[PDB]
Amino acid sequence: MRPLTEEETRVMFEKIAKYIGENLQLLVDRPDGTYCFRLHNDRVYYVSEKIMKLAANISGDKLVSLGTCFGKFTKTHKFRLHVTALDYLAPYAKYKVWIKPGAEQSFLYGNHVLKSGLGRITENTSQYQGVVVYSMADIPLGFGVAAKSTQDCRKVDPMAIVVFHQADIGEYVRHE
């Protein structure tokens, strides 16, 4: 459960920024103290610094359980974001898409959002912008990438993909 190298940090920072822009600082400078990132088995954990200062009396695998996995580094040296990071990033994601019931069901089965299921999308969402996907009830469902800009989304046919699926809460919230 070690600190990330400067290169690991950069890579993860850039990926996270694809969804929350310059808001990662909001995850680090919390009201209750500074939080940090630590690596354990290629998986990156978000944990309070206070918890880490006590790494002496607690095993790494117990420390593992105290933090939240945000994702893992791939052999291609990319950072794959895990849907477990959704609750933390969602409040800080500027570009959001709200999808209808049909799209919601498909997305939770790991599929893309088609135009017919687009309920609302944030203004000035650029093509390929990382977005957080929500239900019409404003519930975070996962991560996606805008297939078209906001303006272009208004103009595609019902069957066209408007959001590429990246990760969803169906992959695990099976209720078990």
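The first residue of the shown sequence is 1; numbering continues from there.
- Stretches 128 to 136 and 51 to 59 differ in mean CA B factor, with 51 to 59 having the higher one.
- Across the two stretches, 165 to 173 and 3 to 11, the PDB entry reports the greater mean Cα temperature factor for 165 to 173.
- You'll see in the entry that, of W98, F73, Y92, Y95, the Cα B factor peaks at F73.
- Per-chain ranking of the deposited C-alpha B factor places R38 in the lowest third.
- Split the chain's modelled residues into thirds by C-alpha temperature factor. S116 is in the lowest one.
- In this PDB entry, the Cα temperature factor of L81 sits in the top third of its chain's modelled residues, the highest group.
- Remark: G142 belongs to the lowest third of its chain, ranked by C-alpha B-factor as recorded.
- The entry lists a Cα temperature factor for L66 that places it in the highest third of the chain's modelled residues.
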